[PDB]
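Structural overview
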4 protein chains.
Amino acid sequence: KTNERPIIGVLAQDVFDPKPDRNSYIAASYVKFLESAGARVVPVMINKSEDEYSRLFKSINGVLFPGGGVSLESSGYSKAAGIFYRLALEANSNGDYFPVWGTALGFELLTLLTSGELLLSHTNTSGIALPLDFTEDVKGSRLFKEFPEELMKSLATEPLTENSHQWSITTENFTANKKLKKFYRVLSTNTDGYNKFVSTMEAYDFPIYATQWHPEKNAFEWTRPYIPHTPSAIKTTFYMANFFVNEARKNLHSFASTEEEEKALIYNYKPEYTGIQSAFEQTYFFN
Amino acid sequence: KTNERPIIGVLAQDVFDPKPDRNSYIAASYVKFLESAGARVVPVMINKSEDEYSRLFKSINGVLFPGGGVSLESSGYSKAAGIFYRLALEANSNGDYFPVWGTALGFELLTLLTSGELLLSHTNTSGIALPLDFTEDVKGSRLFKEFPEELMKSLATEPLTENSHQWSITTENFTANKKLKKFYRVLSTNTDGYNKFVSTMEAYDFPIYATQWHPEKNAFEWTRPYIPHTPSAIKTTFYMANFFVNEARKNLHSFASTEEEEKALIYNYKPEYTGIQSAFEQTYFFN
Amino acid sequence: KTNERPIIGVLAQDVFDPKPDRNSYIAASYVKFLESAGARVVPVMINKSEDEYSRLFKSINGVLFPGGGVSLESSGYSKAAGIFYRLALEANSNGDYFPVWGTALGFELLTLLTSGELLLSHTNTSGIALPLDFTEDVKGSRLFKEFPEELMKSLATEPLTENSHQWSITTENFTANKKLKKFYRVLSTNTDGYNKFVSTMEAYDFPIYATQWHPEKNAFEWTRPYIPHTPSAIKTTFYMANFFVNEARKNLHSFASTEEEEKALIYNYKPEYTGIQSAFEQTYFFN
Amino acid sequence: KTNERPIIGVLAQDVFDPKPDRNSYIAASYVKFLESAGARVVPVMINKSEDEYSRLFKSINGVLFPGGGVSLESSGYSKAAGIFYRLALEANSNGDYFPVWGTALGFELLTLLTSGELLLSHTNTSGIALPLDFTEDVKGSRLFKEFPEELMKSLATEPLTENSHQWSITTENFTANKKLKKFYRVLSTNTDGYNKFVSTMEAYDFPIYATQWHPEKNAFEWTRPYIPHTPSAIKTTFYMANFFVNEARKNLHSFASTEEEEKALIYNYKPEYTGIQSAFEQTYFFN
Ligand SMILES: CN(Cc1cnc2nc(N)nc(N)c2n1)c1ccc(C(=O)N[C@@H](CCC(=O)O)C(=O)O)cc1
Ligand SMILES: CN(Cc1cnc2nc(N)nc(N)c2n1)c1ccc(C(=O)N[C@@H](CCC(=O)O)C(=O)O)cc1
């Protein structure tokens, strides 16, 4: 039994200098990321109650934690992500399949949510494109199981992944942490020349996937000269999202009514053109 | 040399009872189709001068003629399309490479642009999912060259293609037309139970590609229960777009300035939520 | 009265995981940068006494503080740079001319040493080639007075300057610091998204010059695809170095004997080939 | 179409009292001359086979024949030079640009390679700085086409060129040799007070340039008090090298693989400090 109309949540995050109708945002490339693989998208708002998130959680089929620059500890974003993370562990544990994806900031958050500790250190990775240095465990992985061979070889040898993060979790800090070592299979690592860090990982026992890099940029962001845009960079963004949405199709939650489904969808919101200056071509702002 | 920043135009279409800011439209699924294979999009307005279309044509890297309900002979859409068609035939003849894509109404328009005649017949195909019946000629073909072998087997045997057309050209009328027979390679056909019609074609000597069916619907349109949304239907939409945007990467046109590029991009426009009532989840309306 | 045998010191910086004979290092591109403009170079070791540094200061004609990855307050590099900075202000205040150059990390240190504060902000500039957005003040600047007008034009319009840092001082923060504002003339800025940052400056009242970017990379480092290597990128590195060595030729210091001079020169050291792996083709490692 | 990663060979020459690891040498000033104009350098070993020289020749983008004191007729140097000269004449004649630079001894070698005869006579120029006495033919020359007007004036009137040769070809012996007069355009002459000799030349029909004097010495050698080290002497070394490296960028040769490229580079070798004693501050010795 499969859900061919998956709806996935994307978490909004705190705007730095917030105003009314401008309290949180979502970069449109994360919306496009998921839509292209045949999902619809609901924005998850920031300063809501446990019950409101619980109602939405039970309605949607997966959730993505996007990149950005807010606090992993004290932000509306971190708090809402922690609520989704416990709900997802509950559901999966009970036997309902519910996938979670973390990108950049979202990857960092997951290391903090699962280990209890802030384990991040500085890496020179603020706007650089890298290949993936796959680990010994990529072989039987879930994430990359459905990628073409030629694409796997291009990922290993071509600079296909966009990194814009001032922090990483070194492989040394990761491996020294008992909780993370047991919880997550590391699929790729990378180096800035000085420190080797985790770049792609998936939970052993849960459908939880995370990248330190930004798969959604290659097809959808054109603002910066280090964003990969070769043909295999484009297929990378499709195959990454294809895997995740195929995860969401294993989840059978639905909204109570088509009416409530219709009001929650991203189609209710119009993004602003931010690409003349911002790293993001388009950005959704929310009250 | 290839162009790793392709920009493709999508033709806007006359609104049936037009009002200011609502004289023409583009369904957002055509925009999402192109962006997802790593292209940016420019809307091509309907009531412009020959010189303005020339200037736009010389700035962008390909064009798409979308489906819809407008006149093939007397609409602003049909006029603009004829101008782009003629500019494309000139550029390619001279040795530039400029690709043209027609979908559904746009496929029908191309049969008329090339043959000079309307040769369409009624088919009982106004809302149905169909496989494709490939011709022997699919083996040499340009369009399907990079499709995975399993995806080609799935298109042959599974209902992955969205048909929503009341008209078609039967294979018999296509064949009896000397101009069409000489200009286009037929790649797939289909039947409505009574009439066998051309569903996919490409020009022998030009990068002009057309489908009677709607490849953009599978991943981006959720308004009708017949629209295919299986995992291989999602891959069909990506491989179709990936081929076309790879053709556009062979074209080296650029805008005269980045400020002029920035003003033309679809990012400057905000679509309306039309999915509760119309065939399209979102629609861009233009003055 | 000029010194046509200038010798310039280049400060070594702390090796992260130091070992005997590998306590500090200098990228060879900084040596080559100064030699090509007709200077000899002395490496300035870290973790030496005040008196040793004062002896060396009194013998050489100028000093460069090179880019790199070390801490701004606790490194042997930062403490030696503070010493040379204080010696240079004393000598210039007294009436002796002694020029100081800071590149990247060096530029950072200069803002700290003069302001007494840490004013850096994050920018996605870990690997990007940028033009310079000159200020009105480049006009009668000392640094650029002798550059060819065409080179100045190329510099304003082509990506000729290598950036590989991730912390910059924004123009707002520079202007808001009274001590920096009164001390340094900003010659060029660049923009990372919304953040406009100081990229080249020179002290109003002292021969102290600093670039956020790496002039020495264009001619000498071949390890990353974005490093500028066009003909005008090559002339930029020569003219930048030529200006600074022409500053050192105004200083009349010499070593107490030709034997002491000979033992201090970089010719006593052999670099390692570090290019297959690191950002530098060659590096000098020191005990 | 240009090569922005040019690599140029520098010929090593026979050590006089040869020993293992000391059979040939290159003075580091030739390597520095070229790197400063944005080339990488490969040392060309002396006792190699014709096939080995062919393989290298086809991988590199130009070659320089340095000065020195080895036989023009029986050395490993003069043999390797003959092979490169013949390969370069072949390549240029076929339509493949390949530039050759001779300095001092290398200039004398070229007069022998092209005329078939030794036409040199003693001049009193073993260690003196001279201006260049330009011919009428400098005006449309290739070598000096991009030099600043003011530098060409300084070269005419200031002692900017290092002469350290006891042999020269007089302008009278030059002119009387039919082969030389038809193959080379004389750009400058000089006199020792009794003999007027050729000091700079370029081939009319090939990219072959030669100086009797040593452009590389002004910026990089500090062993003799005659060596010119004024600002404009420093610019002379940069502009000479700049010309020749720009010639090498017209050559599209590459190595078969990056690994083979990496093993051939001068970065693999370390020079010795020879400055206390010899004409050269630093020298590369080879087995
Ligand atoms: C929306 N519509 C009804 C329709 C048509 N013309 C109108 N014209 C006006 N002035 N006002 C209207 N309300 C109006 N409505 C349509 C839609 C498609 C086709 C049509 O023939 N489409 C092609 C292409 C199919 C496709 O592209 O979707 C076909 O073969 O069916 C005709 C009318
Ligand atoms: C160092 N030296 C002495 C010298 C020459 N040949 C030798 N050959 C052998 N086998 N062994 C020696 N010890 C030896 N020594 C030299 C140096 C330059 C010239 C010479 O004629 N050079 C050219 C080129 C000038 C230059 O390139 O510097 C000239 O015109 O003077 C001759 C002898």
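Scoring rules and cut-offs
- Residues numbered from 1 in each chain as written, not as in the entry; some residues may be left out.
- Chains lettered and ligands numbered in written order.
- Heavy atoms only, no water.
- Helix = DSSP H or I, 4+ residues; strand = E, 2+ residues; numbered from the N terminus.
- Rg over C-alpha atoms; globule rule 2.2 N^0.38 Å.
- Buried < 20%, exposed > 50% of the residue type's maximum accessible area, 1.4 Å probe, protein only.
- Salt bridge = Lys/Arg side-chain N within 4 Å of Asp/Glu carboxyl O.
- Near = heavy atom within 4 Å.
- Polar contact = N/O pair within 3.5 Å; in protein donor to acceptor, adjacent residues only side chain to side chain.
- Areas by Shrake-Rupley, 256 points an atom, 1.4 Å probe, with all protein chains shown as cover.
- Contact = heavy atoms within 4.5 Å.
- Buried area = accessible area lost by both parts, 1.4 Å probe.
- Pairing = 2+ DSSP bridges.
- Axes fitted to C-alpha atoms, helices over the stretch in contact; angles between N-to-C directions.
- Nonpolar A, V, L, I, M, F, W, Y, C, P; charged D, E, K, R; others polar.
- Parallel < 35°, antiparallel > 145°, perpendicular 65-115°, else oblique.
- Left-handed = near helix turned anticlockwise from the far one by under 90°.
- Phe/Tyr/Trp six-rings, centres within 6.5 Å; stacked < 30°, edge-to-face > 60°.
- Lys NZ or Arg CZ within 6 Å of the ring centre and 35° of its normal.
- Core = buried A, V, L, I, M, F, W, Y, C linked by side-chain atoms within 4.5 Å.

Method of determination, as annotated in the archive: X-ray crystallography, at 1.97 Å resolution.

Things to note about the overall build of chain A
A tally of regular secondary structure across chain A gives 10 helices and 14 strands. The C-alpha atoms of chain A give a radius of gyration of 18 Å, which matches the 19 Å a tight globule of 287 residues would have. A principal-axis box enclosing the C-alpha atoms of chain A has dimensions of 50 × 45 × 35 Å. Counting all 287 residues of chain A, 64% fall into the buried class.

Thoughts on the pattern of salt bridges
All names here are of chain A. Counted by the stated rule, this structure contains 29 salt bridges over all chains. Two residues, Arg22 and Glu272, come together in a salt bridge whose shortest N-O distance is 2.8 Å. Placement of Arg22 in strand β3 (residues 22-27) and of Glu272 in strand β13 (residues 272-273) is noted, with a sequence separation of 250 residues between them. Given the relative accessible area of 33%, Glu272 is considered partly exposed. Its salt-bridge partner being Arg40, residue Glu261 comes within 2.8 Å of it at the nearest N-O pair. Placement of the pair is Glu261 in helix α10 (residues 258-264) and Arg40 in strand β4 (residues 40-44), with a sequence separation of 221 residues. Taken individually, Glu261 and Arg40 each receive the classification buried, so the pair is uniform in this respect.

Some points on the site of ligand 2
Residues and elements named next belong to chain D. Surrounding ligand 2, one finds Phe16, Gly67, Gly68, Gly69, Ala104, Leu105, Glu108, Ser164, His165, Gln166, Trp167 and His214. Between ligand 2 and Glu108, the relevant distance is 2.5 Å, taken from an oxygen atom to a side-chain nitrogen or oxygen of the residue. Taking 680 Å² as the accessible area of ligand 2 by itself, protein coverage stands at 54%. A per-element tally of the shell around ligand 2 places strand β9 (residues 161-168) first, with four residues.

What to know about the interface of chain B and chain A
If you look at the interface, chain B gives 32 residues, while chain A gives 33 residues. When chain B packs against chain A, the two sides together hide about 3,200 Å² of surface, and 55% of this comes from carbon and sulfur. Here chain B is connected to chain A by two salt bridges. In this structure, the salt-bridge partner of A:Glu35 is B:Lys32, at a minimum N-O distance of 2.8 Å. In this structure, the connection of chain B to chain A is made through 10 residue pairs in polar contact. Residue assignment for the side of chain B that touches chain A shows that the elements contributing at least two residues are α1 (28-35), α8 (217-220) and α9 (231-248) of chain B. Ranked by residue count, the leading element in the side of chain B that touches chain A is α9(B), at seven residues.

Brief notes about the sheet that holds strand β1 (residues 7-11) of chain C
Residues and elements named next belong to chain C. If you trace the eight strands from one edge of the open sheet to the other, you get β4-β1-β5-β6-β12-β11-β10-β8, paired in mixed fashion. If you trace the sheet from one side to the other, it starts and ends with β4 (40-44) and β8 (133-134), each paired once. Strand direction decides the pairing type here: strand β5 (residues 63-65) and strand β6 (residues 100-103), joined by three bridges, are parallel. Residue pairing for β6: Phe65 is matched across the bridge by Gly102. Sheet strands touched by helix α3 (residues 76-94): β1, β4, β5, β6, β10 (184-192) and β12 (208-211). Its angle to β5, the strand with the most contacts, is close to 145°. Strands in contact with helix α4 (residues 105-115) are β5, β6, β10, β11 (195-203) and β12; relative to β6, the strand with the most contacts, it is inclined by about 115°.

Some thoughts on the interface of chain A and chain C
In this assembly, 17 residues from chain A lie in contact with 15 residues from chain C. Together, A:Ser126, A:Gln166 and A:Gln277 form the three largest contributors to the area buried by chain A at its contact with chain C, with a combined 40%. Viewed at the interface, chain C and chain A are joined by zero salt bridges. Counting across the chain A and chain C interface gives five residue pairs in polar contact. Breaking the side of chain A that touches chain C down by element, the ones donating at least two residues are β7 (121-130) and β9 (161-168) of chain A. Split into classes, the residues belonging to the side of chain A that touches chain C amount to four nonpolar, 12 polar and one charged.

With respect to the packing of helix α2 (residues 50-57) of chain B against helix α3 (residues 76-94) of chain B
Residue and element names in this part refer to chain B. Relative to each other, α2 and α3 sit at 50°, their axes nearing to 10 Å. With respect to α3, the axis of α2 lies oblique. Classified by chirality, the crossing of α3 by α2 is right-handed. Together, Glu50, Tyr53, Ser54 and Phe57 of α2 and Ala80, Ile83, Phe84, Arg86, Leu87, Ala88 and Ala91 of α3 make up the contact between the two elements. Grouping the constituent residues of the contact of α2 with α3 by class yields eight nonpolar, one polar and two charged.

With respect to the packing of helix α9 (residues 231-248) of chain A against α9(B)
Between α9(A) and α9(B), the shortest axis-to-axis distance is 12 Å and the interhelical angle comes to 165°. With respect to each other, α9(A) and α9(B) are oriented roughly antiparallel. As for the relative orientation of α9(A) and α9(B), their crossing is right-handed in sense. Judged by residue contacts, A:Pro231, A:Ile234, A:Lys235, A:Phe238, A:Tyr239, A:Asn242 and A:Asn246 of α9(A) engage B:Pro231, B:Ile234, B:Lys235, B:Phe238, B:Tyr239, B:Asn242 and B:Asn246 from α9(B). Residue composition of the contact of α9(A) with α9(B), by class: eight nonpolar, four polar and two charged.

Structural notes on the packing of aromatic side chains
Taken as a whole and assessed by the stated rule, the structure comprises 68 aromatic pairs over all chains. On the basis of an interplanar angle of 80° and a centroid distance of 5.0 Å, the ring pair of A:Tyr269 and A:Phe286 is categorised as edge-to-face. Remark: A:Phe286 occurs in strand β14 (residues 282-286) and A:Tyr269 occurs in the loop between α10 and β13; sequence separation between them is 17 residues. Through pairs of rings, three or more aromatic residues link up here, namely A:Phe134, A:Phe144, A:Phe147, A:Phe238, A:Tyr239, B:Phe134, B:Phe144, B:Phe147, B:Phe238 and B:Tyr239. A cation over a ring is seen here: C:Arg22 above C:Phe285, with NZ or CZ 4.0 Å from the ring centre.

Brief notes about the arrangement of the chains
Where chain B comes nearest to chain C, the C-alpha atoms are still 14 Å apart, and the two do not contact one another. Nothing in chain B touches chain D, and the closest approach of their C-alpha atoms is 11 Å.

Considerations on the nonpolar core
Counting 190 residues, the largest nonpolar core has A:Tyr184, A:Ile208 and B:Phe65 as its most contacted members. Counting residues in hydrophobic clusters, the runner-up holds 186 residues, among them C:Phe33, C:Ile169, C:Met201 and D:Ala39.

A few points about the environment of D:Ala81
All names here are of chain D. Residue placement: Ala81 occurs in helix α3 (residues 76-94). Overall, the relative accessible area of 0% leaves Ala81 in the buried class. For the pair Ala81 and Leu110, spaced 29 residues apart in the sequence, the C-alpha separation amounts to 8.9 Å.

Here we look at the pairing of β10(C)
Residue and element names in this part refer to chain C. With respect to burial, β10 is a largely interior element, eight of its nine residues being buried. Taken together, the two bridges between β8 and β10 define a ladder with antiparallel strand orientation. Residue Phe134 lies in a different strand from β10, and its bridge partner there is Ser188. Note: β10 against β11, eight bridges, orientation antiparallel. Within β11, the position partnered with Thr189 by the bridge is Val198. Taking the residues that link successive antiparallel strands as the turn, the β10-β11 hairpin has two residues, and the phi of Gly193 there is positive, at about 70°.

Some thoughts on the environment of A:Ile60
All names here are of chain A. Positionally, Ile60 belongs in the loop between α2 (50-57) and β5 (63-65). With a relative accessible area of 0%, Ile60 lands in the buried category. Along the primary structure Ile60 and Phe98 are separated by 38 residues, whereas in three dimensions their C-alpha atoms are 9.1 Å apart. In this structure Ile60 touches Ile7, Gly9, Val42, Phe84, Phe98, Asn251, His253 and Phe255, once residues within four positions along its chain are discounted.

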